[PDB]
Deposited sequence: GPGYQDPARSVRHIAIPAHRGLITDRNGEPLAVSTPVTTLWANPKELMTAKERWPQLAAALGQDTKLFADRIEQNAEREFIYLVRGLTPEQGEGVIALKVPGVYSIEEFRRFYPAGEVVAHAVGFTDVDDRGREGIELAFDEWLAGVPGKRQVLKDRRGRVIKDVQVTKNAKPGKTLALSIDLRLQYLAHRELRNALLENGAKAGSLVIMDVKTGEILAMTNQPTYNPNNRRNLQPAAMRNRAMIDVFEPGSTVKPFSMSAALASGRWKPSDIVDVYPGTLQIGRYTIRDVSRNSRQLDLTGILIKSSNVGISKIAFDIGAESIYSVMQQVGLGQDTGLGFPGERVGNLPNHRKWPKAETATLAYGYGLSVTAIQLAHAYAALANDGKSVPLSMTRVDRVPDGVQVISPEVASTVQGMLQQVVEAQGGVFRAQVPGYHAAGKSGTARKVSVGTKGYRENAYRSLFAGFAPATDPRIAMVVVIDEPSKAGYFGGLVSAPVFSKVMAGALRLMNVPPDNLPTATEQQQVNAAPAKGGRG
């Protein structure tokens, strides 16, 4: 053809991702892509080696790429390039060679919030994390303009803009970058201290449903993804599913206290620390007990004690609490690769399954779902939907556990924390804290700690997961208690929460 009118897309600026206080997490930054019109280059062959060398490219390979891509009017040369870096190559005045400003994401907090924020592909489209989940919101709408191209498809005239570009929208996450740094730093130190391979830490605001922090290890620099492995890319808090084990006993206990049949001072005989159910044997972590009250069943974490309570109240009451606080359920966050786990139902709950459910072997959950469940218990038994975006108007939420029962369980979990002395305590200085440790079998396990503070008027729920630690104590869950202590202490101070353990 002697001429053609073509479309050129006008790229939109992608919206700013910030933390809840407007700290930048994902910023569209100007980049200059040197591009070439092969069809024009074929007229200036004596310039090629100076160009090649200016692109660090091999003179013969470059001359080859230009001969092969010859009946083409566009090739990329250096799609990275900064504002200026093209100007030095453009100063060469080679015919068929061009610079443009595009946009490319920069992630100022880097590895600290890699999994939450995610990243864009080389086409500036969401690939992982928030970047993918909110791609439409952030992307905006490419503009378009009509150009008249000569017989090489090079622009002679701009005819009209047919559509102006619409910038993408700013997005404020729920994430508090100050708490995220604290969590990231303290999880990394715990994994080193404890010789562990991986882990997760989730912080939630129990009143708003907001995810204040979500850190996984290992992590990755989203600015430099060259030699990344699947291990480091794994958003474990949302995709690793596990049996919550001892950490769900508080839900079983909530069902017991709602039933009309149990009070905290009631006694169960758990001797001799086993209970046979046909061919299955329930076995306690410690087997030195006879009578325990309901608080003691959580302090000792007796599987037999919670199983005997379950047989009495029926699995259906326990299933119903676990379902209502979201265990094995869709969070609605629509994060890419987010797992829902599994909360088995039955018409007729068999005896083995009644017990296993009650001590957290019947089901599978994510660290996010476990944090959300603890939020409901901390929030006087009211569940508030999860958010990874800043919550200005708090949704209604659902009363799933009576405030009275929630208050009683909170007080039992404070006693669980007060029972542990020494270096593996979850005790939070200046505050009353509440929580339950646990292990999940994968020999190897995940160390779990779930809790909330302040215990008498809760603000923050936290789940710690430490994947195969090497600190081989009898109680593997306690490896996660000091991390909870340090990160809870820091989070309450950063959020100016008044101490509830004064003299």
| item | value |
| --- | --- |
| Stretches of the record's deposited sequence for which the structure holds no C-alpha atoms | 1 to 6, 449 to 458, 520 to 537 |
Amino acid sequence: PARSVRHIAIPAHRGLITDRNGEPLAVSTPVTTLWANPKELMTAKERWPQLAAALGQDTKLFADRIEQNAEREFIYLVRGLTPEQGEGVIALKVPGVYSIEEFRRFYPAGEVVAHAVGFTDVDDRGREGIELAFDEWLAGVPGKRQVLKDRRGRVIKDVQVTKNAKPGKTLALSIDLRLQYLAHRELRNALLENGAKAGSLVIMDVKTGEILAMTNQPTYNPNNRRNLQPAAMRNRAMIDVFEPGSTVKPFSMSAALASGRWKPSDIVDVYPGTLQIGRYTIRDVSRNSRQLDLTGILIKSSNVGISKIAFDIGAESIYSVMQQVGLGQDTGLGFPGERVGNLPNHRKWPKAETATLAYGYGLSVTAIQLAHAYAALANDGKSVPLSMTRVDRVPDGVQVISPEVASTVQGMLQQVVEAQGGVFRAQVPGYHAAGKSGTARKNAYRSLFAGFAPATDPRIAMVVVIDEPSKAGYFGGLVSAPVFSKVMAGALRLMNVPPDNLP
From here on, numbers count along this sequence of modelled residues.
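Basically, rigid core = biggest C-alpha set you can superpose within 1.5 Å across the two forms.
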{"item": "Higher C-alpha RMS shift from the shown form in 7 other deposited structures of this protein - 274 to 282 or 368 to 376, rigid core fit", "value": "274 to 282"}
{"item": "Stretch farther from the shown model on average in 7 other deposited structures of this protein, with CA RMS computed after core superposition (163 to 171, 310 to 318)", "value": "163 to 171"}
{"item": "Other PDB entries, at least a third, lacking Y474", "value": "yes"}
{"item": "Higher-scoring stretch by recorded Cα B factor average, 365 to 373 or 279 to 287", "value": "279 to 287"}
{"item": "225 to 233 versus 355 to 363 - greater average Cα B-factor per the deposited record", "value": "225 to 233"}
{"item": "Which of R151, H432, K308, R178 ranks first by CA B-factor in the deposited coordinates", "value": "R151"}
{"item": "Highest-ranked of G296, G381, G126, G80 once sorted by CA temperature factor in the record", "value": "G80"}
{"item": "CA B-factor placement of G195, once the chain's modelled residues are sorted into thirds", "value": "highest"}
{"item": "Assigned third (lowest, middle, highest) for the C-alpha B factor of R185", "value": "middle"}
{"item": "Third assignment of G473 from its chain's C-alpha B-factors", "value": "highest"}
{"item": "Ranked C-alpha temperature factor of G490 among modelled chain residues, by third", "value": "lowest"}
{"item": "Ranked C-alpha temperature factor of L25 among modelled chain residues, by third", "value": "middle"}
